[PDB]
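Enquirer: Structure incoming, see below.
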Amino acid sequence: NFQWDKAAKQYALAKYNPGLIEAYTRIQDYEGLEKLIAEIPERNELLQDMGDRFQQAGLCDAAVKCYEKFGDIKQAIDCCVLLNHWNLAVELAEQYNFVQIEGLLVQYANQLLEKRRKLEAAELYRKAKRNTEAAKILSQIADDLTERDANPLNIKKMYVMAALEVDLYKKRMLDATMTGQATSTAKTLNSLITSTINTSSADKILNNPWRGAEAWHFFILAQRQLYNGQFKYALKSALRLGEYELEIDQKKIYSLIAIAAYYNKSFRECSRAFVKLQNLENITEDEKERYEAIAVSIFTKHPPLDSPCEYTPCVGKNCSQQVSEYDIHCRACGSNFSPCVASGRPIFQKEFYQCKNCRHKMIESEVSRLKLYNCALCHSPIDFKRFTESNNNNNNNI
Amino acid sequence: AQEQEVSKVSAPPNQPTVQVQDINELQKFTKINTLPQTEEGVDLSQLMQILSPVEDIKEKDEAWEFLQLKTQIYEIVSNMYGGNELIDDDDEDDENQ
Amino acid sequence: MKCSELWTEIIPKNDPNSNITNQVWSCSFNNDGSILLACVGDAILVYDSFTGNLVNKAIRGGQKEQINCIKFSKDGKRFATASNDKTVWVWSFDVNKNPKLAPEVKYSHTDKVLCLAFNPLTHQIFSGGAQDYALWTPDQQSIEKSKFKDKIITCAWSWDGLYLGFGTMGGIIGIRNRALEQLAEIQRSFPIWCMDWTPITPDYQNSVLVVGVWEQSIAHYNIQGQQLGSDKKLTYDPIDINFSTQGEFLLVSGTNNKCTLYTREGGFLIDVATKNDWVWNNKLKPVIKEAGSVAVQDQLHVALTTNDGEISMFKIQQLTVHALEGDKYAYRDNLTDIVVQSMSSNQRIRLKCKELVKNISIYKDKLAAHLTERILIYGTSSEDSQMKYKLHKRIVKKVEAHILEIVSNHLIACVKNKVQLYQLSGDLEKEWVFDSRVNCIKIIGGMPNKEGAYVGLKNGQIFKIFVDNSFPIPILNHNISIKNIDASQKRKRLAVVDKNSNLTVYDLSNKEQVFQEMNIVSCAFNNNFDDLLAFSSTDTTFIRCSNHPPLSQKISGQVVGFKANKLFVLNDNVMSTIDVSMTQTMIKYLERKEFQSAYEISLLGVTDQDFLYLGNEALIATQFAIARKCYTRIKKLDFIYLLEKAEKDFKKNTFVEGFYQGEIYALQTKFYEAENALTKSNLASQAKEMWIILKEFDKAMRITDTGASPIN
Ligand SMILES: [Zn+2]
Ligand SMILES: [Zn+2]
């Protein structure tokens with residue numbers, strides 16, 4: 001009589017699975033179908049039936065679950081590929097030893113690339129642990145950006161966007177993993193924590209996807225500070241750019257370093273930058289010529305004089321040899337200093353805190369002076385005093 | 001009456017006024033610190049070919065949202081690649097509609 | 001929505017070194033609309049509204065100077081011609097008489113005449129020029145002239161026939177009565193050009209003066225002279241103002257050489273035409289409505305007169321936008337209105353809005369209205385049979401899209417070659433970019449935040465979109481462009497229509513062109529049987545089943561929806577429901593012995609006679625379950641008794657179908673064919689014992705004379 005809800009409730013009361021299935025399909029209430037697949041004992045043709053229904057409905061998670069319960073795995077891979085559910089496809093292929101998925105994703109990414117959808121290809125590579133190719137694509141996008149007006153804030157936006165997408169994908173995967181774990185998973189997580197205590201700088205550097213974002217932000221901050229006086233902060237920022245030298249090419253970094261060093265009268269850094277600039281990889285004869293002409297004029301007007309400053313005691317190690325304020329290299333000790341995104345000054349004090357989105361060390365005095373309500377890099381909109389208290393608690397835990 | 005007030009209170013700048021603060025900086029900055037370079041026999045005009053105008057570079061603490069940054073970046077890469085408008089012109093929508 | 005030019009007449013007789021020019025100042029329009037008038041330097045032109053030609057030759061020499069204004073008398077019987085010769089003539093008019101137009105009464109002021117106006121009720125003339133204003137009454141034939149301090153520019157009489165309004169280039173606007181006394185005076189700082197009176201309306205029943213000042217503003221004034229405070233601003237200086245009949249629209253012209261349309265509140269709707277010169281006078285065609293007449297009245301007609309000497313005619317046609325999901329039909333009424341109609345009780349529900357609606361989409365117990373830069377959503381109380389609409393949420397964000405749809409907790413907008421997904425809050429969520437323009441989209445059911453949809457492009461490729469996938473799934477490819485698509489109830493087949501009115505049916509399991517049809521306007525799938533297709537051409541609607549010849553109806557209209565034993569036909573903008581008989585399909589299914597599908601078809605609300613028929617064949621062909629269902633659907637006792645007798649006797653005895661066929665036949669009043677059936681194979685004795693019970697023994701003896709008793 002085309003009254004599906006009453007028929008469904010009668011079938012549920014009478015323990016009739018097929019009629020319940022058609023009734024739930026007609027009412028389009030697949031929650032009852034999820035309850036059914038949880039209730040259907042094992043290995044029936046009805047499993048294939050609800051798997052096909054789920055695949056038609058577009059919920060390939062339930063379709064794959066039904067196919068795996070049925071005993072067929074290739075149909076689950078077919079559903080995952082047809083609906084472009086690539087995370088589940090990669091997990092199933094890794095668990096079931098499927099080898100064609102990598103190549104298939106390769107030509108699908110190539111097809112997207114030929115359709116001029118590089119960001120979609122980057123998203124696809126993010127979905128399948130291929131972040132290196134996505135990073136290369138984003139670097140190419142930034143290089144294309146430099147060819148035009150090239151507002152650096154847009155490049156900062158795109159790099160922070162890539163980092164946040166990677167962090168989001170990782171956190172969904174982790175939240176899926178921890179929920180409902182066993183003793184073996186607990187032991188694996190304990191070993192992971194033990195390795196996390198004794199980490200290495202290189203591994204953390206590779207893991208962090210904020211390299212381009214922080215590099216571009218430091219470039220923008222250096223330029224902005226240099227325009228509005230504050231030369232000494234500009235030198236520290238330019239030194240940070242020279243400490244990255246990965247996304248930004250040598251020319252811009254050394255140009256900014258030379259400008260800042262000339263404006264602050266610190267001529268050792270200016271001489272180093274000018275020696276760097278004479279031959280990066282290739283240069284025309286006339287450009288090189290005007291470069292040494294500028295160098296000779298600058299260094300023949302008056303000899304390079306080192307501007308005295310304060311040699312604050314080192315906090316990285318127990319050595320009594322003080323290190324210059326601008327220097328972050330920390331020679332003969334190997335203890336490099338973490339940056340401060342707020343102003344660029346190296347962390348030389350106990351007061352340092354970070355948020356749980358970008359984990360960059362913040363100096364309390366700089367934030368108080370600038371009255372920054374948000375994180376300088378990722379713009380996290382939560383009260384900073386509470387972050388300071390939380391970091392103090394975390395340090396007390398350590 | 002309430003609509004206008006609430007919109008003005010929130011006013012999320014979507015496209016039109018994201019960073020529209022364009023004022024000549026090639027001549028404004030040469031007032032700030034260029035004179036010391038000029039009285040002396042120093043030529044660094046090549047070396048300032050790297051810096052960009054700062055009046056375009058907007059400096060103020062705002063709120064960054066995941067989705068609206070995503071939309072801005074997609075719209076930027078789209079008009080960079082310039083593929084939407086060419087196929088729109090090849091679509092001859094005005095001829096049909 | 002669409003604006004189409006009708007006929008243009010140009011007057012190029014420019015005369016240098018002469019004060020007579022080729023400009024046109026005013027265009028008087030008749031109440032009926034069968035005739036039109038225009039004024040040119042030293043001439044008056046008469047035109048037909050429908051076709052552009054001079055019914056009468058241009059009159060020259062009557063007035064030795066230019067003609068400033070021409071107006072009818074709201075009855076199509078008089079003209080008033082004011083000239084710079086300091087004189088005003090009034091002419092009598094009638095189409096049937098041999099002299100169509102002839103001067104009747106001429107009078108003269110002291111200076112040049114600038115404006116004229118008529119009385120809707122008493123047909124009195126008010127003519128105002130420099131230094132003077134005069135009133136003429138037909139009965140007395142005595143004019144009343146009065147002096148004033150500066151030249152009046154425009155005049156307008158109220159629709160009640162009581163009040164009069166005039167304006168001066170010095171900024172003074174005066175409102176007087178029929179006795180010409182200073183009822184109200186308002187002083188401004190800018191010249192006054194255009195005024196009008198709002199038409200009387202049963203909803204409003206109050207008349208106000210609408211005056212367009214030259215400081216880029218439009219003002220509403222009451223009778224006492226107190227402003228209503230609107231003071232709506234404009235980008236361009238207005239020149240002419242005209243109200244449509246019943247006070248629904250407002251035609252505004254002036255600077256920027258554009259003729260625009262507005263609502264009476266002030267909402268912009270469309271721009272009629274851009275001539276590339278100042279439009280001196282634009283007029284609307286009044287309409288006459290019969291007592292209880294039914295008509296969409298979408299057509300609108302405008303007449304424009306420009307500075308260079310072009311008198312052009314434009315026609316405005318309003319498109320139809322509507323939505324139909326289930327048990328409801330929400331269609332756009334006269335602009336800025338939404339009417340929801342139910343097909344059962346024919347009851348209507350009206351929603352009134354001020355701005356123009358662009359798209360109407362209705363989901364489950366939810367309706368979405370797309371106002372200009374505004375979005376409204378209304379829910380429904382399901383428990384009550386009558387619906388109650390309450391505004392749950394409102395969206396202020398401005399969105400432009402030719403197609404808008406609402407799904408559970410999401411909105412979809414199609415703009416150019418892009419599809420945008422909007423949250424109910426307003427912020428954009430996801431984007432999809434396609435090669436060509438997205439022509440038609442169809443939404444299919446599913447879970448919240450997981451509703452799929454179908455998309456057709458101008459190229460023709462049919463794609464599928466999921467909300468969270470963010471990756472289009474190529475369904476199929478079509479060479480011609482796509483106009484409308486439909487999905488089967490089970491999602492087994494898909495019907496697609498091209499630009500040539502060609503219908504093609506594609507199977508989803510195997511991509512093949514199973515069915516092709518020519519000259520198809522619309523099509524629809526059934527929502528209960530999954531197999532019936534009802535497609536309507538321009539004049540004839542055909543219903544087709546699986547491997548069955550089409551059914552013709554010659555019904556006037558287009559098919560929009562198909563439900564169980566129901567087809568929806570829409571004519572113009574009204575809708576109707578028509579029932580269909582399933583007897584033909586039932587018979588054809590009985591022909592090939594697929595009793596299951598025949599019973600499924602008969603379950604769609606068929607008459608009890610077909611039910612007993614199908615039960616009879618089900619019992620005959622040894623199908624007891626379907627026979628029991630058919631004999632149970634209609635209250636029958638003897639047939640079901642014979643049924644359990646047959647099912648009990650089937651397992652043991654030979655189960656000869658002749659006896660049961662004869663018993664079925666004899667259960668009705670027709671007996672002779674049952675006798676013949678029992679006589680056919682061999683059942684004479686059982687026929688005799690069967691026919692004895694009803695006590696007419698003579699014919700039983702007639703039967704037993706031939707029948708034998710092979711026992712011993
Ligand atoms: Zn040290
Ligand atoms: Zn941060």
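How things are named: the first chain in the structure tokens is A, the next is B, and so on; residues count from 1 in each chain; ligands count from 1 in the order shown.
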Residues of chain C within 12 Å of chain A, using only C-alpha atoms, as JSON, numbers by chain?

Expert: {"C": [431, 432, 433, 434, 435, 444, 445, 446, 447, 448, 449, 450, 451, 452, 453, 464, 465, 466, 467, 468, 469, 470, 471, 472, 473, 474, 475, 489, 490, 491, 492, 508, 509, 527, 528, 529, 563, 564, 600, 602, 603, 604, 605, 633]}

Enquirer: Within range 523-613 of chain C, find each residue whose DSSP state, derived from the backbone, is strand (DSSP E), and express the selection as a ChimeraX atom specification.

Expert: /C:523-525,533-536,541-544,551-552,558-563,566-571,574-578

Enquirer: Counting only C-alpha atoms and all ligand atoms, which protein, DNA or RNA residues come within 7 Å of ligand 2, given as a VMD selection string?

Expert: chain A and resid 354 to 360 375 to 380

Enquirer: Please produce a file of those selected residues containing N, CA, C and O atoms, as a tab-separated table (two decimals), in the first residue's frame.

Expert:
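Below is the file result-v2.tsv, written as the result:
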chain	number	residue	atom	x	y	z
A	354	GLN	N	54.13	28.73	22.74
A	354	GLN	CA	53.68	28.41	21.39
A	354	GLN	C	52.25	27.91	21.46
A	354	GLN	O	51.78	27.45	22.50
A	355	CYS	N	51.56	28.00	20.32
A	355	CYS	CA	50.19	27.52	20.21
A	355	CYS	C	50.20	26.10	19.64
A	355	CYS	O	51.25	25.56	19.27
A	356	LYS	N	49.02	25.48	19.56
A	356	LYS	CA	48.93	24.10	19.09
A	356	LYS	C	48.49	24.05	17.63
A	356	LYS	O	47.80	23.10	17.22
A	357	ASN	N	48.89	25.04	16.85
A	357	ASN	CA	48.59	25.05	15.42
A	357	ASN	C	49.87	25.22	14.61
A	357	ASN	O	50.00	24.65	13.52
A	358	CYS	N	50.82	25.99	15.14
A	358	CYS	CA	52.10	26.19	14.46
A	358	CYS	C	53.31	25.97	15.35
A	358	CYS	O	54.42	25.87	14.82
A	359	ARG	N	53.16	25.91	16.68
A	359	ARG	CA	54.22	25.59	17.63
A	359	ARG	C	55.50	26.40	17.37
A	359	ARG	O	56.60	25.87	17.21
A	360	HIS	N	55.34	27.72	17.37
A	360	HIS	CA	56.46	28.65	17.24
A	360	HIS	C	56.63	29.43	18.54
A	360	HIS	O	55.66	29.90	19.12
A	375	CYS	N	48.20	34.82	16.93
A	375	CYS	CA	49.53	34.35	16.56
A	375	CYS	C	50.00	35.07	15.30
A	375	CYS	O	49.23	35.29	14.37
A	376	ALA	N	51.29	35.43	15.28
A	376	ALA	CA	51.81	36.22	14.17
A	376	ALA	C	51.83	35.43	12.87
A	376	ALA	O	51.70	36.02	11.79
A	377	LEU	N	51.99	34.11	12.95
A	377	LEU	CA	52.11	33.31	11.73
A	377	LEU	C	50.76	32.74	11.29
A	377	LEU	O	50.28	33.02	10.19
A	378	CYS	N	50.14	31.93	12.15
A	378	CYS	CA	48.92	31.21	11.79
A	378	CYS	C	47.64	31.93	12.22
A	378	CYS	O	46.55	31.44	11.91
A	379	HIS	N	47.75	33.06	12.91
A	379	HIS	CA	46.59	33.86	13.33
A	379	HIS	C	45.60	33.04	14.16
A	379	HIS	O	44.39	33.08	13.91
A	380	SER	N	46.10	32.29	15.14
A	380	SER	CA	45.22	31.51	16.01
A	380	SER	C	44.46	32.44	16.95
A	380	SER	O	45.07	33.16	17.75

Enquirer: Up to 9 Å from chain B, what residues of chain A turn up? Count only C-alpha atoms and give them as a PyMOL selection string.

Expert: chain A and resi 116+119+141+144-145+148+151-155+157-158+161+164+220+223-224+227+251-252+255-256+258-259+290-291+294+297-298+301+372-376+378-381

Enquirer: Please identify every residue of chain C that has at least one atom no farther than 12 Å from an atom of chain B, counting only C-alpha atoms, and for each give the shortest atom pair and the distance in Å to one decimal, arranged by chain then increasing number, as a tab-separated table.

Expert:
residue	atom	partner	partner_atom	distance
C:1	CA	B:97	CA	11.6
C:2	CA	B:97	CA	10.2
C:374	CA	B:3	CA	11.0
C:394	CA	B:3	CA	10.4
C:395	CA	B:3	CA	10.2
C:396	CA	B:3	CA	7.7
C:397	CA	B:7	CA	9.3
C:398	CA	B:14	CA	11.2
C:402	CA	B:97	CA	11.0
C:415	CA	B:88	CA	11.3
C:416	CA	B:88	CA	7.7
C:417	CA	B:88	CA	7.4
C:418	CA	B:84	CA	9.3
C:420	CA	B:71	CA	10.7
C:421	CA	B:71	CA	11.6
C:422	CA	B:67	CA	11.3
C:423	CA	B:67	CA	11.1
C:426	CA	B:12	CA	11.1
C:427	CA	B:68	CA	7.8
C:428	CA	B:67	CA	7.3
C:429	CA	B:67	CA	6.4
C:430	CA	B:71	CA	8.0
C:431	CA	B:71	CA	8.3
C:432	CA	B:74	CA	10.9
C:433	CA	B:84	CA	8.2
C:434	CA	B:84	CA	8.9
C:435	CA	B:87	CA	6.7
C:436	CA	B:91	CA	6.0
C:437	CA	B:91	CA	7.0
C:438	CA	B:93	CA	10.6
C:439	CA	B:93	CA	10.6
C:457	CA	B:91	CA	10.6
C:458	CA	B:91	CA	8.1
C:459	CA	B:91	CA	9.2
C:481	CA	B:96	CA	11.5
C:499	CA	B:96	CA	11.3

Enquirer: What residues of the protein or nucleic acid chains come within 6 Å of ligand 1 when you use only C-alpha atoms and all ligand atoms? Reply as a PyMOL selection string.

Expert: chain A and resi 314+316-317+319+330+333

Enquirer: Set the distance at 9 Å and use only C-alpha atoms: which residues neighbour range 167-176 of chain A once local chain neighbours fewer than 3 positions away are removed? I'd like the list as a list in words.

Expert: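 Here the answer would be residues 126, 127, 162, 163, 164, 179, 180, 209 and 357 of chain A.
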
Enquirer: Can you pull out every residue within 6 Å of residue 35 in chain C, counting only C-alpha atoms, but drop anything in the same chain fewer than 6 positions away, and send it as number ranges by chain?

Expert: C: 47-49

Enquirer: For those residues, write N, CA, C and O atoms to a file as a PDB file, in the first residue's frame.

Expert:
ATOM      1  N   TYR C  47      -0.691  56.655 -34.992  1.00  0.00           N
ATOM      2  CA  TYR C  47      -0.109  55.342 -35.225  1.00  0.00           C
ATOM      3  C   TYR C  47      -1.025  54.253 -34.685  1.00  0.00           C
ATOM      4  O   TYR C  47      -1.877  54.492 -33.824  1.00  0.00           O
ATOM      5  N   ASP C  48      -0.827  53.044 -35.201  1.00  0.00           N
ATOM      6  CA  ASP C  48      -1.451  51.843 -34.662  1.00  0.00           C
ATOM      7  C   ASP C  48      -0.460  51.168 -33.723  1.00  0.00           C
ATOM      8  O   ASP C  48       0.729  51.060 -34.041  1.00  0.00           O
ATOM      9  N   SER C  49      -0.947  50.733 -32.559  1.00  0.00           N
ATOM     10  CA  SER C  49      -0.051  50.173 -31.552  1.00  0.00           C
ATOM     11  C   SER C  49       0.537  48.839 -32.000  1.00  0.00           C
ATOM     12  O   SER C  49       1.733  48.589 -31.810  1.00  0.00           O
TER      13      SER C  49
END

Enquirer: Tell me, as a PyMOL selection string, which residues lie within 7 Å of range 309-311 of chain C, counting only C-alpha atoms; anything in the same chain fewer than 4 positions away does not count.

Expert: chain C and resi 8-11+22-24+304-305

Enquirer: Write the selection just made, keeping C-alpha atoms, as a JSON list (two decimals), in the first residue's frame?

Expert:
[["chain", "number", "residue", "atom", "x", "y", "z"],
["C", 8, "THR", "CA", 10.48, 51.70, -34.98],
["C", 9, "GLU", "CA", 9.58, 54.79, -37.01],
["C", 10, "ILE", "CA", 12.19, 57.50, -37.58],
["C", 11, "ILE", "CA", 11.50, 61.10, -38.57],
["C", 22, "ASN", "CA", 12.59, 66.86, -35.57],
["C", 23, "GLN", "CA", 12.32, 66.17, -31.83],
["C", 24, "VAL", "CA", 9.32, 64.40, -30.29],
["C", 304, "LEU", "CA", 9.39, 55.37, -25.89],
["C", 305, "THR", "CA", 10.05, 58.73, -27.55]]

Enquirer: Please extract the residues of range 141-343 of chain A with a backbone DSSP assignment of alpha helix (DSSP H) and present them as an MDAnalysis selection string.

Expert: chainID A and resid 141:146 152:178 183:197 201:207 211:227 231:244 250:264 267:277 285:301

Enquirer: List as JSON, numbers by chain the protein and nucleic acid residues near range 96-112 of chain A, meaning an atom at most 9 Å away when only C-alpha atoms are counted, but skip any in the same chain fewer than 4 places from it.

Expert: {"A": [73, 77, 81, 86, 89, 90, 91, 92, 116, 117, 118, 120, 121, 122, 124, 125, 128]}

Enquirer: Rounded to one decimal, what separation in Å do you get between CA of residue 5 in chain A and CA of residue 345 in chain C?

Expert: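 A separation of 25.4 Å between them.
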
Enquirer: Write out as a list in words which residues come within 10 Å of residue 122 in chain C when counting only C-alpha atoms, dropping same-chain ones fewer than 2 positions away.

Expert: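 In the requested format, the answer is residues 73, 118, 119, 120, 124, 125, 137, 138, 139, 161 and 162 of chain C.
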
Enquirer: Can those selected residues be exported to a file as an mmCIF file, in the first residue's frame so that it contains N, CA, C and O atoms?

Expert:
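Okay, this is what ended up in again_4.cif:
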data_model
loop_
_atom_site.group_PDB
_atom_site.id
_atom_site.type_symbol
_atom_site.label_atom_id
_atom_site.label_comp_id
_atom_site.auth_asym_id
_atom_site.auth_seq_id
_atom_site.Cartn_x
_atom_site.Cartn_y
_atom_site.Cartn_z
ATOM 1 N N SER C 73 -8.493 61.623 -23.219
ATOM 2 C CA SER C 73 -9.432 61.990 -22.164
ATOM 3 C C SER C 73 -9.864 60.781 -21.341
ATOM 4 O O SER C 73 -10.936 60.810 -20.729
ATOM 5 N N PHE C 118 -5.888 66.494 -17.938
ATOM 6 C CA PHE C 118 -7.308 66.191 -18.022
ATOM 7 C C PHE C 118 -7.820 65.651 -16.693
ATOM 8 O O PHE C 118 -7.055 65.183 -15.847
ATOM 9 N N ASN C 119 -9.145 65.720 -16.523
ATOM 10 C CA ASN C 119 -9.818 65.179 -15.348
ATOM 11 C C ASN C 119 -10.375 63.801 -15.663
ATOM 12 O O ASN C 119 -11.150 63.659 -16.619
ATOM 13 N N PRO C 120 -9.995 62.769 -14.904
ATOM 14 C CA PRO C 120 -10.516 61.421 -15.190
ATOM 15 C C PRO C 120 -12.030 61.317 -15.110
ATOM 16 O O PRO C 120 -12.628 60.550 -15.875
ATOM 17 N N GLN C 124 -12.486 67.725 -17.385
ATOM 18 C CA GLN C 124 -12.114 69.131 -17.440
ATOM 19 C C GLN C 124 -10.644 69.265 -17.818
ATOM 20 O O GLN C 124 -9.831 68.376 -17.551
ATOM 21 N N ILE C 125 -10.307 70.391 -18.443
ATOM 22 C CA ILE C 125 -8.963 70.635 -18.955
ATOM 23 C C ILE C 125 -8.287 71.679 -18.079
ATOM 24 O O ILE C 125 -8.875 72.724 -17.784
ATOM 25 N N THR C 137 -14.161 73.862 -18.846
ATOM 26 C CA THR C 137 -15.224 72.912 -18.540
ATOM 27 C C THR C 137 -16.098 72.744 -19.776
ATOM 28 O O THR C 137 -16.589 73.748 -20.320
ATOM 29 N N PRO C 138 -16.311 71.517 -20.263
ATOM 30 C CA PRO C 138 -17.068 71.351 -21.518
ATOM 31 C C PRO C 138 -18.497 71.869 -21.457
ATOM 32 O O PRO C 138 -19.003 72.382 -22.463
ATOM 33 N N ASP C 139 -19.166 71.744 -20.310
ATOM 34 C CA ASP C 139 -20.580 72.100 -20.238
ATOM 35 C C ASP C 139 -20.787 73.605 -20.359
ATOM 36 O O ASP C 139 -21.620 74.066 -21.150
ATOM 37 N N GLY C 161 -10.269 62.434 -9.068
ATOM 38 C CA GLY C 161 -10.880 63.571 -9.718
ATOM 39 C C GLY C 161 -11.068 64.787 -8.841
ATOM 40 O O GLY C 161 -11.699 65.755 -9.281
ATOM 41 N N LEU C 162 -10.543 64.772 -7.616
ATOM 42 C CA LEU C 162 -10.727 65.862 -6.666
ATOM 43 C C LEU C 162 -9.526 66.794 -6.582
ATOM 44 O O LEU C 162 -9.700 68.016 -6.572
#

Enquirer: Separation of CA of residue 148 in chain C and CA of residue 128 in chain C, in Å?

Expert: 9.7 Å

Enquirer: Go ahead and compute the interatomic distance for CA of residue 556 in chain C and CA of residue 571 in chain C, in Å to one decimal.

Expert: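 For CA of residue 556 in chain C relative to CA of residue 571 in chain C, the distance reads 7.4 Å.
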
Enquirer: With only C-alpha atoms as the basis for distance, which of C:497, C:293, C:284, C:595 is at the shortest distance from residue 313 in chain C?

Expert: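 Residue with the minimum atom-to-atom distance to residue 313 in chain C: C:284.
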